[PDB]
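In the form deposited in one PDB entry, a lone chain appears below as structure tokens.
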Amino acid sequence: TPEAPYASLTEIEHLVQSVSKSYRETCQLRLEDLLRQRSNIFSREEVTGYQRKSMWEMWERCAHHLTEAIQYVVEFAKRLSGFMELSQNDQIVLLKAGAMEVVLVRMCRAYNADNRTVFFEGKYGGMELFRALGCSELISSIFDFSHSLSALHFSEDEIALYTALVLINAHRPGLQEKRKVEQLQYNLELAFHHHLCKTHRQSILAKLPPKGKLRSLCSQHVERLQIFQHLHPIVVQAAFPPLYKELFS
């Protein structure tokens, strides 16, 4: 069982491998393709074309990409050992709190620190590309957070274990089986620590974002998304109806 006490070196190393595999199979864009596309940057005309779009065109574009990013995180969560064995309540509690945070972490892979650009709809562009949204402060904070994560130079196994820990958090309010979540979290932390020690990457632990900075940024991001959704509702067919009901009712 993934929550079992006295987790062996076999269980811990398979947990590392299984989490990394779940991560790379739920990534919309492969890292090699994001790295290759770094030289493919939007021209002044294309940037002007994005700036001349209405607030509602840019909201619809952005909301569509975020809906897909979330759906991939739900698929990732469902591949995590023990997650599907939790009640629907506990699964919903972990995803409503953790899914956007995971999307925010995953964004660092599409961020280029050299020129401060992000991958958006085929090319790289700066934050000026999102001018029509009228969200420059929140967008600057998202760019700053991805900048800080990109300086860690995460390997696939590291970002995989880190995002799984963002999700399997026993402190999310509303959990019915809090003890079972503490056990799954304990084994993941053990796997994360074991992997960093084995690879001589423990230096990154003191460099990870402070406790609460990720929750705070996600809270501000979701609040803005909920305002746009109330003002100009996006019509989606929910892939996960019980989760969708909690976020949009």
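All residue numbers refer to positions in the sequence shown, first residue = 1.
One more form of this protein should be noted, the form solved in complex with a partner chain, which is absent from this view; the next part is about it.
K.L.:
Each of 91, 95 and 247 near the partner chain in the entry with it bound, meaning some heavy atom within 4.5 Å?
P.N.:
The answer is yes: all three residues contact the partner (heavy atom, 4.5 Å cut-off).
K.L.:
From the list 152, 108, 74, 113, which entry has a heavy atom within 4.5 Å of the partner chain in the entry with it bound?
P.N.:
Filtering the options by heavy-atom distance leaves 74.
K.L.:
Would you classify residue 83 as touching the partner chain in the entry with it bound, given a 4.5 Å non-hydrogen atom cut-off?
P.N.:
Yes, residue 83 sits close enough to the partner chain in the entry with it bound that at least one of its heavy atoms falls within 4.5 Å.
K.L.:
Contact between residue 78 and the partner chain in the entry with it bound at 4.5 Å, heavy atoms?
P.N.:
Because a heavy atom of residue 78 falls inside 4.5 Å of the partner chain in the entry with it bound, the answer is yes.
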